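**Q** Before I ask anything, here is the structure I am working with.
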Amino acid sequence: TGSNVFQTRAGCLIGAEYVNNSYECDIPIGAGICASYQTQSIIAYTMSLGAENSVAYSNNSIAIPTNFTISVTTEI
Amino acid sequence: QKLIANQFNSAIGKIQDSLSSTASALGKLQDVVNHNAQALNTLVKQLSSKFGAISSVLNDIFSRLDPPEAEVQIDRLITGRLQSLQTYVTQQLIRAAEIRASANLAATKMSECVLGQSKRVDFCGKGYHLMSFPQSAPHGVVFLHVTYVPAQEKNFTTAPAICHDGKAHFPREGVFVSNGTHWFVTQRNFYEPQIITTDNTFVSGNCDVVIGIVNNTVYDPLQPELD
Amino acid sequence: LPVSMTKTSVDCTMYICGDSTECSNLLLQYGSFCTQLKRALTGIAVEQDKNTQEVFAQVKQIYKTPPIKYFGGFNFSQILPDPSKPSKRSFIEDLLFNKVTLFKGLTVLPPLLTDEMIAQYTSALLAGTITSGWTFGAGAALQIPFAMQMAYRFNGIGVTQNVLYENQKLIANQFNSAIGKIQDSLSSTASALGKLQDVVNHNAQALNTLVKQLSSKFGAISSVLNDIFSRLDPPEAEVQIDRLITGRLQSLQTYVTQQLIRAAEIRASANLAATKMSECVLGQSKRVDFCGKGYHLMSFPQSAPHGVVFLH
Amino acid sequence: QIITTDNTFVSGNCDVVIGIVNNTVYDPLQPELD
Ligand SMILES: *[C@@H]1O[C@H](CO)[C@@H](O[C@@H]2O[C@H](CO)[C@@H](O)[C@H](O)[C@H]2NC(C)=O)[C@H](O)[C@H]1NC(C)=O
Ligand SMILES: *[C@@H]1O[C@H](CO)[C@@H](O)[C@H](O)[C@H]1NC(C)=O
Ligand SMILES: *[C@@H]1O[C@H](CO)[C@@H](O)[C@H](O)[C@H]1NC(C)=O
Ligand SMILES: *[C@@H]1O[C@H](CO)[C@@H](O)[C@H](O)[C@H]1NC(C)=O
Ligand SMILES: *[C@@H]1O[C@H](CO)[C@@H](O)[C@H](O)[C@H]1NC(C)=O
Ligand SMILES: *[C@@H]1O[C@H](CO)[C@@H](O)[C@H](O)[C@H]1NC(C)=O
Ligand SMILES: *[C@@H]1O[C@H](CO)[C@@H](O)[C@H](O)[C@H]1NC(C)=O
Ligand SMILES: *[C@@H]1O[C@H](CO)[C@@H](O)[C@H](O)[C@H]1NC(C)=O
């Protein structure tokens, strides 16, 4: 249609708008690019691998659980 | 005990609700069913292919051609359909190999998790595995893995050993935590501080060799009996 | 251990008729072979992506190593990501990537996860295992000094933890020496990375033989469709075109079948790699000879162009 | 390490075990004499 054109390593993507922030991968395109429908229009973005956090490592620091949550998960 | 039982019941109910509500939780069997259906469809669909013949209906070519000429087109159709069936058989063999691998994995999981308590990290679900329950499915098995997930972690400062009477003391089955200003011995996977004593610690060597050793007292349960 | 293979896509119409207007219509008479081949290849590609996701996406959070990289004498410089290189790969990762190296209707589709993201996953796993031991693989990541983590891992092999504290410096020196020698072992060996190179060579050879068979006549007067359509009448050209088409379709189907078998092999390898990750990187394995020869202490994953390398 | 009652446990008399040997086992409470 030519409304919007974006170049990707997998090829030329038309009809999707590239957004400068990352989400979880909904529809995989390739080369780290994924597309999704968000507030509505189809958007293209680099997939996010997950939340980033730094473990408070120290020479004399240890963390110990004071509680527990026994959980049941399903495998098929 | 009561809290653990309540947690287990809530988790079972949550599994029930998730299975009831989730749209595509059982995709690993729907995929097998869909693959079988698609294979049969393409096998039947290939039956309508002409394979270069004038027609795909054998009676038609029989009627509109002489035997000498009909023979070549019938040979073409025979070859096409035989090749289609060969391809179907090969694909079924590959799918059967995949299903055999899946069934071997299922049997191993049943043995390890249901008939025992696997110590493998992710073989019987996320977290420390306690037990599992098998549930029948139309073309597979569903495993409900009960696991122990630690939660509500608190940070403490620790030392590798305790120096008392010029000797290095190590924890027999625990870790040393300081609680800011009071040292205790606690199990790794649950916070249960206890006073450091000769019963829960063992001694090996002097304090000059251990790096990070800290000064603290070790209580002797036999000390009070001075008389 | 290889984890994935090249994602191949083929345009059957172009491969069989080579972009010729004449037999493109004739190829329609043969049915839905093209759809079958396309579906099989798409399934193989999605399976490769799933294999990569399963092997490398076992950690939910991207753990980051602390700035003060002191771990009781242990030196993970060779395995931790480099700060200055644009790829941010580690030394051993750079060496592994350097050691192995690599129309008519056949093309290669890129993987969903790029090398940078696989390196990020490897860095997350390395940070988690270095800073929290086994905890990050079973729930909340709990910090612990590396010396105490190695002491715990010593208890897992039946050796009292005091043996480590009284020999911490020697153990750290041995670890550093072994890590350094790994670089030399990988560089000097002519076939250390033989399996990944074998996968790449198999893919390239399959593509080459598929391309080469276009020149075969298959009993026809010539292998060029334009020639036959130019000097042979339709009644006599049709038989030759059919002779070429059947052979080319058979070649493509053989390629697809071999690709399916090799993809099953790659899936087995990827499942083994995922199990190895879970049981050696995210925990300590009591299984004999499953995470290296000897009593397993811990393992480190390293990214490779088409697989994973475990430093047991 | 020295053989003591802390690192050893008793099970029956010593006429039922093949290869048993005669040796002393030290009791840490014996010299304490509480
Ligand atoms: C245990 O083995 C290690 C490794 O061979 C020994 O450490 C070496 O000891 C020699 C002699 O003192 C030194 O020249 C080397 O530099 C040491 N190597 C390292 C990596 O430190 C250690 O001495 C041995 N211990 C015992 C009790 O035999
Ligand atoms: C995305 O953000 C970065 C950092 O602000 C900027 O350099 C880049 O130009 C932005 N790209 C687009 C397409 O907005
Ligand atoms: C450690 O715990 C103290 C209180 O016990 C808290 O103030 C501090 O923020 C904690 N630090 C980390 C890194 O968790
Ligand atoms: C643990 O620390 C708190 C504050 O540092 C202190 O009030 C408390 O007494 C300590 N625990 C014990 C058993 O003394
Ligand atoms: C590491 O912690 C231990 C225990 O608190 C302490 O004895 C040692 O001095 C510390 N080392 C450094 C370099 O801070
Ligand atoms: C521990 O106490 C002893 C005396 O009982 C002393 O000689 C030693 O220096 C102390 N260690 C530290 C780290 O303060
Ligand atoms: C770690 O090892 C590398 C390679 O031997 C060396 O260049 C680096 O200085 C070492 N780091 C430390 C802190 O010793
Ligand atoms: C061990 O000692 C007991 C009691 O002194 C004695 O009866 C027995 O013969 C001894 N056995 C050996 C093998 O010396």
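Every chain in the structure tokens takes a letter, A first, then B, and so on in the order presented; its residues are numbered from 1, and the ligands are numbered from 1 following the presented order.
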If DSSP is run on the backbone, what residues of region 26-188 of chain B are helix (DSSP H, G or I)? A reply as a PyMOL selection string would be ideal.
**A** chain B and resi 27-46+58-64+67-114
**Q** Which chain B residues are at most 6 Å from chain A (counting only C-alpha atoms), as a PDB file with C-alpha atoms, in the first residue's frame?
**A**
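part21.pdb written:
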```pdb
ATOM      1  CA  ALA B  11      -2.827 -24.068  43.527  1.00  0.00           C
ATOM      2  CA  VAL B 142      -0.661 -34.081  31.691  1.00  0.00           C
ATOM      3  CA  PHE B 143       1.680 -33.779  34.682  1.00  0.00           C
ATOM      4  CA  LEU B 144       0.862 -31.485  37.613  1.00  0.00           C
ATOM      5  CA  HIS B 145       4.234 -30.769  39.221  1.00  0.00           C
ATOM      6  CA  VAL B 146       4.130 -29.692  42.872  1.00  0.00           C
ATOM      7  CA  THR B 147       7.260 -27.679  43.653  1.00  0.00           C
ATOM      8  CA  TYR B 148       8.687 -25.641  46.534  1.00  0.00           C
ATOM      9  CA  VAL B 149       9.433 -22.025  45.569  1.00  0.00           C
ATOM     10  CA  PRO B 150      11.214 -19.906  48.223  1.00  0.00           C
ATOM     11  CA  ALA B 151       9.761 -16.448  48.782  1.00  0.00           C
ATOM     12  CA  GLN B 152      10.126 -13.336  50.944  1.00  0.00           C
ATOM     13  CA  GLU B 153      13.917 -13.313  51.047  1.00  0.00           C
ATOM     14  CA  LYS B 154      15.805 -11.142  53.534  1.00  0.00           C
ATOM     15  CA  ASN B 155      19.429 -10.037  53.297  1.00  0.00           C
ATOM     16  CA  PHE B 156      21.957 -10.950  55.993  1.00  0.00           C
ATOM     17  CA  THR B 157      25.723 -10.627  56.307  1.00  0.00           C
ATOM     18  CA  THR B 158      27.525 -13.962  56.545  1.00  0.00           C
ATOM     19  CA  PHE B 190      14.567 -21.481  55.072  1.00  0.00           C
ATOM     20  CA  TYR B 191      15.296 -18.860  57.729  1.00  0.00           C
TER      21      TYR B 191
END
```
**Q** Can you tell me, as a short mmCIF file (atom, residue, chain, number, x, y, z; two decimals) with N, CA, C and O atoms, in the first residue's frame, what residues are no more than 12 Å from region 8-19 of chain A when counting only C-alpha atoms, ignoring any on the same chain fewer than 3 positions away?
**A**
```cif
data_model
loop_
_atom_site.label_atom_id
_atom_site.label_comp_id
_atom_site.auth_asym_id
_atom_site.auth_seq_id
_atom_site.Cartn_x
_atom_site.Cartn_y
_atom_site.Cartn_z
N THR A 1 0.83 -1.20 0.00
CA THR A 1 0.00 0.00 0.00
C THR A 1 0.87 1.26 0.00
O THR A 1 0.48 2.29 -0.55
N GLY A 2 2.04 1.16 0.62
CA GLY A 2 2.96 2.28 0.68
C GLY A 2 2.66 3.30 1.75
O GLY A 2 3.31 4.36 1.76
N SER A 3 1.71 3.04 2.64
CA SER A 3 1.40 3.99 3.70
C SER A 3 2.61 4.21 4.60
O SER A 3 2.94 5.35 4.95
N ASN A 4 3.29 3.13 4.98
CA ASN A 4 4.50 3.21 5.78
C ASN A 4 5.43 2.09 5.36
O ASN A 4 4.99 0.97 5.13
N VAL A 5 6.72 2.41 5.25
CA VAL A 5 7.73 1.47 4.78
C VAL A 5 8.87 1.45 5.79
O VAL A 5 9.36 2.51 6.21
N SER A 22 10.64 -1.33 23.33
CA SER A 22 10.54 -2.77 23.18
C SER A 22 9.39 -3.34 24.00
O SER A 22 9.02 -2.83 25.06
N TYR A 23 8.82 -4.43 23.49
CA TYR A 23 7.80 -5.22 24.17
C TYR A 23 8.15 -6.70 24.04
O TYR A 23 9.17 -7.07 23.44
N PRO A 28 6.50 -12.92 15.44
CA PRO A 28 7.92 -12.81 15.08
C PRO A 28 8.11 -12.54 13.60
O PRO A 28 7.52 -13.22 12.75
N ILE A 29 8.93 -11.54 13.28
CA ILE A 29 9.28 -11.21 11.91
C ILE A 29 10.67 -11.74 11.56
O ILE A 29 10.85 -12.40 10.53
N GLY A 30 11.65 -11.45 12.39
CA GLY A 30 13.02 -11.90 12.18
C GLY A 30 14.01 -10.81 12.54
O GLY A 30 13.69 -9.62 12.59
N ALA A 31 15.25 -11.23 12.79
CA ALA A 31 16.33 -10.31 13.14
C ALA A 31 15.98 -9.49 14.38
O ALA A 31 16.34 -8.31 14.49
N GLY A 32 15.26 -10.10 15.31
CA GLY A 32 14.88 -9.44 16.54
C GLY A 32 13.69 -8.52 16.44
O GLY A 32 13.34 -7.88 17.44
N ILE A 33 13.04 -8.44 15.28
CA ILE A 33 11.89 -7.56 15.07
C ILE A 33 10.62 -8.38 15.24
O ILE A 33 10.50 -9.47 14.68
N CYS A 34 9.68 -7.85 16.01
CA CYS A 34 8.38 -8.47 16.21
C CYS A 34 7.29 -7.42 16.04
O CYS A 34 7.51 -6.23 16.31
N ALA A 35 6.12 -7.87 15.59
CA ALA A 35 4.99 -6.99 15.33
C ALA A 35 3.83 -7.33 16.25
O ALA A 35 3.66 -8.48 16.66
N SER A 36 3.03 -6.31 16.56
CA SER A 36 1.88 -6.49 17.43
C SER A 36 0.87 -5.39 17.13
O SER A 36 1.19 -4.38 16.50
N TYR A 37 -0.37 -5.62 17.58
CA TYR A 37 -1.46 -4.67 17.41
C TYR A 37 -1.67 -3.95 18.74
O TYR A 37 -2.05 -4.57 19.74
N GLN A 38 -1.41 -2.64 18.75
CA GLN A 38 -1.49 -1.85 19.97
C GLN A 38 -2.15 -0.52 19.68
O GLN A 38 -2.17 -0.05 18.54
N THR A 39 -2.71 0.08 20.72
CA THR A 39 -3.38 1.37 20.61
C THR A 39 -2.40 2.45 20.16
O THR A 39 -1.90 3.22 20.97
N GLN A 40 -6.08 2.03 17.09
CA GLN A 40 -5.18 0.89 17.10
C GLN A 40 -4.50 0.72 15.74
O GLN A 40 -5.08 1.03 14.70
N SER A 41 -3.26 0.24 15.76
CA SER A 41 -2.50 0.05 14.54
C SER A 41 -1.43 -1.01 14.78
O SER A 41 -1.08 -1.31 15.93
N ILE A 42 -0.92 -1.56 13.69
CA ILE A 42 0.14 -2.56 13.76
C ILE A 42 1.47 -1.84 13.92
O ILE A 42 1.79 -0.93 13.16
N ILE A 43 2.25 -2.26 14.91
CA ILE A 43 3.53 -1.64 15.23
C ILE A 43 4.63 -2.69 15.12
O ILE A 43 4.38 -3.89 15.26
N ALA A 44 5.85 -2.22 14.87
CA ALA A 44 7.03 -3.07 14.80
C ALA A 44 8.05 -2.59 15.83
O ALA A 44 8.22 -1.38 16.03
N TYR A 45 8.72 -3.54 16.48
CA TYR A 45 9.63 -3.20 17.56
C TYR A 45 10.65 -4.31 17.72
O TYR A 45 10.48 -5.42 17.21
N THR A 46 11.73 -3.99 18.43
CA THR A 46 12.72 -4.98 18.81
C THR A 46 12.24 -5.71 20.07
O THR A 46 11.90 -5.07 21.07
N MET A 47 12.21 -7.03 20.01
CA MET A 47 11.68 -7.81 21.12
C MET A 47 12.53 -7.63 22.37
O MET A 47 13.75 -7.49 22.30
N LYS C 7 17.56 -21.73 8.20
CA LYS C 7 16.15 -21.72 7.82
C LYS C 7 16.08 -21.46 6.32
O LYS C 7 16.33 -20.35 5.85
N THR C 107 16.54 -19.43 -0.82
CA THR C 107 16.95 -18.33 0.03
C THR C 107 17.02 -18.80 1.48
O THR C 107 16.46 -19.85 1.84
N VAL C 108 17.71 -18.02 2.30
CA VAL C 108 17.91 -18.33 3.71
C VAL C 108 17.21 -17.26 4.54
O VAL C 108 17.41 -16.06 4.32
N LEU C 109 16.39 -17.70 5.50
CA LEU C 109 15.68 -16.77 6.37
C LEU C 109 16.47 -16.54 7.66
O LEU C 109 17.04 -17.49 8.21
N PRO C 110 16.52 -15.31 8.17
CA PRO C 110 17.31 -15.07 9.37
C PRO C 110 16.61 -15.61 10.61
O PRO C 110 15.37 -15.69 10.65
N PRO C 111 17.37 -16.00 11.63
CA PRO C 111 16.73 -16.44 12.88
C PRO C 111 16.11 -15.28 13.63
O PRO C 111 16.51 -14.12 13.48
N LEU C 112 15.09 -15.60 14.44
CA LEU C 112 14.41 -14.57 15.21
C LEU C 112 15.36 -13.92 16.22
O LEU C 112 15.40 -12.69 16.35
N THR C 114 18.92 -12.79 17.32
CA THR C 114 20.21 -12.48 16.74
C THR C 114 21.33 -12.87 17.70
O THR C 114 21.10 -13.21 18.86
#
```
**Q** With a distance threshold of 8 Å and counting only C-alpha atoms, extract the residues of chain C near chain B and express them as an mmCIF file with N, CA, C and O atoms, in the first residue's frame.
**A**
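See selection26.cif below for the written result:
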```cif
data_model
loop_
_atom_site.group_PDB
_atom_site.id
_atom_site.type_symbol
_atom_site.label_atom_id
_atom_site.label_comp_id
_atom_site.auth_asym_id
_atom_site.auth_seq_id
_atom_site.Cartn_x
_atom_site.Cartn_y
_atom_site.Cartn_z
ATOM 1 N N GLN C 29 -0.626 -28.368 -13.164
ATOM 2 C CA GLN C 29 -1.326 -29.639 -13.299
ATOM 3 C C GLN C 29 -0.880 -30.670 -12.270
ATOM 4 O O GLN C 29 -1.591 -31.658 -12.058
ATOM 5 N N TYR C 30 0.269 -30.470 -11.626
ATOM 6 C CA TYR C 30 0.824 -31.468 -10.722
ATOM 7 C C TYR C 30 0.260 -31.387 -9.308
ATOM 8 O O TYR C 30 0.544 -32.276 -8.498
ATOM 9 N N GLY C 31 -0.518 -30.357 -8.988
ATOM 10 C CA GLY C 31 -1.242 -30.329 -7.730
ATOM 11 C C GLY C 31 -0.622 -29.471 -6.647
ATOM 12 O O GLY C 31 -0.092 -28.390 -6.920
ATOM 13 N N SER C 32 -0.688 -29.952 -5.401
ATOM 14 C CA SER C 32 -0.295 -29.181 -4.228
ATOM 15 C C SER C 32 1.065 -29.594 -3.672
ATOM 16 O O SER C 32 1.270 -29.542 -2.451
ATOM 17 N N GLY C 137 17.700 -20.337 39.376
ATOM 18 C CA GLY C 137 17.055 -21.340 38.559
ATOM 19 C C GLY C 137 15.884 -22.044 39.205
ATOM 20 O O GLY C 137 15.289 -22.928 38.581
ATOM 21 N N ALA C 138 15.527 -21.680 40.439
ATOM 22 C CA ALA C 138 14.436 -22.330 41.154
ATOM 23 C C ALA C 138 13.524 -21.338 41.865
ATOM 24 O O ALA C 138 12.690 -21.757 42.677
ATOM 25 N N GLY C 139 13.652 -20.054 41.590
ATOM 26 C CA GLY C 139 12.825 -19.052 42.224
ATOM 27 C C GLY C 139 13.565 -17.721 42.285
ATOM 28 O O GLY C 139 14.302 -17.370 41.361
ATOM 29 N N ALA C 140 13.351 -17.001 43.383
ATOM 30 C CA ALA C 140 14.007 -15.715 43.567
ATOM 31 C C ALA C 140 15.519 -15.891 43.622
ATOM 32 O O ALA C 140 16.032 -16.811 44.265
ATOM 33 N N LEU C 142 18.945 -15.326 44.970
ATOM 34 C CA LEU C 142 19.507 -14.955 46.262
ATOM 35 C C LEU C 142 21.014 -14.794 46.129
ATOM 36 O O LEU C 142 21.703 -15.712 45.674
ATOM 37 N N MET C 148 31.563 -19.057 49.118
ATOM 38 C CA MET C 148 30.586 -19.890 49.811
ATOM 39 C C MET C 148 29.792 -20.751 48.837
ATOM 40 O O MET C 148 29.444 -21.891 49.164
ATOM 41 N N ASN C 162 35.256 -27.318 54.379
ATOM 42 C CA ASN C 162 36.509 -26.805 54.923
ATOM 43 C C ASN C 162 37.663 -27.021 53.955
ATOM 44 O O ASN C 162 38.621 -26.239 53.948
ATOM 45 N N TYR C 165 37.953 -23.763 51.935
ATOM 46 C CA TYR C 165 38.388 -22.560 52.638
ATOM 47 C C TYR C 165 39.876 -22.616 52.959
ATOM 48 O O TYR C 165 40.570 -21.594 52.896
ATOM 49 N N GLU C 166 40.386 -23.797 53.305
ATOM 50 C CA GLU C 166 41.812 -23.962 53.554
ATOM 51 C C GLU C 166 42.630 -24.054 52.272
ATOM 52 O O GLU C 166 43.863 -24.059 52.346
ATOM 53 N N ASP C 242 7.688 -32.448 -19.162
ATOM 54 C CA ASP C 242 7.238 -33.322 -18.084
ATOM 55 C C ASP C 242 8.399 -34.138 -17.527
ATOM 56 O O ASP C 242 8.510 -34.335 -16.310
ATOM 57 N N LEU C 260 14.055 -32.697 6.761
ATOM 58 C CA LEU C 260 13.239 -33.118 7.895
ATOM 59 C C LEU C 260 14.013 -34.054 8.815
ATOM 60 O O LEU C 260 13.954 -33.920 10.045
ATOM 61 N N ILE C 261 14.743 -35.013 8.242
ATOM 62 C CA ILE C 261 15.512 -35.943 9.069
ATOM 63 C C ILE C 261 16.592 -35.195 9.847
ATOM 64 O O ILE C 261 16.775 -35.395 11.059
ATOM 65 N N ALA C 264 15.080 -33.317 12.672
ATOM 66 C CA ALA C 264 14.828 -34.184 13.820
ATOM 67 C C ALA C 264 16.105 -34.401 14.624
ATOM 68 O O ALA C 264 16.092 -34.351 15.863
ATOM 69 N N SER C 278 19.877 -26.776 31.934
ATOM 70 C CA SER C 278 19.086 -26.809 33.158
ATOM 71 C C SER C 278 19.815 -27.542 34.277
ATOM 72 O O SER C 278 19.768 -27.119 35.437
ATOM 73 N N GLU C 279 20.499 -28.641 33.953
ATOM 74 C CA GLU C 279 21.034 -29.520 34.983
ATOM 75 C C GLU C 279 22.465 -29.195 35.396
ATOM 76 O O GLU C 279 22.876 -29.601 36.488
ATOM 77 N N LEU C 282 22.127 -24.215 35.727
ATOM 78 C CA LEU C 282 21.176 -23.774 36.736
ATOM 79 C C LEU C 282 21.221 -24.624 37.999
ATOM 80 O O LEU C 282 20.483 -24.337 38.948
ATOM 81 N N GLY C 283 22.062 -25.650 38.036
ATOM 82 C CA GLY C 283 22.175 -26.487 39.208
ATOM 83 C C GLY C 283 23.395 -27.374 39.122
ATOM 84 O O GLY C 283 24.192 -27.281 38.185
ATOM 85 N N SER C 285 24.745 -31.343 39.073
ATOM 86 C CA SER C 285 24.271 -32.646 38.632
ATOM 87 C C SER C 285 25.071 -33.751 39.306
ATOM 88 O O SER C 285 26.305 -33.746 39.265
#
```
**Q** Using only C-alpha atoms, which chain C residues lie at most 9 Å away from chain A, written as a PyMOL selection string?
**A** chain C and resi 57+59-66+70-72+109-114+117+120-121+124+127-128+131-132+140-147
**Q** With only C-alpha atoms as the counted atoms, please give the residues lying no more than 10 Å from region 18-32 of chain D, apart from itself and same-chain residues fewer than 5 positions off, as a list in words.
**A**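 Skipping anything fewer than 5 positions along the chain leaves residues 222, 223 and 226 of chain B; 2, 3, 4, 5, 6, 7 and 8 of chain D.
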**Q** Could those residues be written to a file, using C-alpha atoms, as a compact mmCIF listing (two decimals), in the first residue's frame?
**A**
```
# COMPACT_ATOMS: atom_id res chain seq x y z
CA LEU B 222 27.94 -29.35 78.62
CA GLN B 223 29.52 -26.15 80.00
CA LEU B 226 30.17 -27.36 86.28
CA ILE D 2 40.80 -39.56 65.78
CA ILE D 3 38.07 -42.17 66.24
CA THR D 4 35.49 -40.91 68.74
CA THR D 5 31.86 -41.52 69.66
CA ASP D 6 30.93 -38.36 67.73
CA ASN D 7 32.00 -39.69 64.32
CA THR D 8 30.99 -43.33 64.92
```
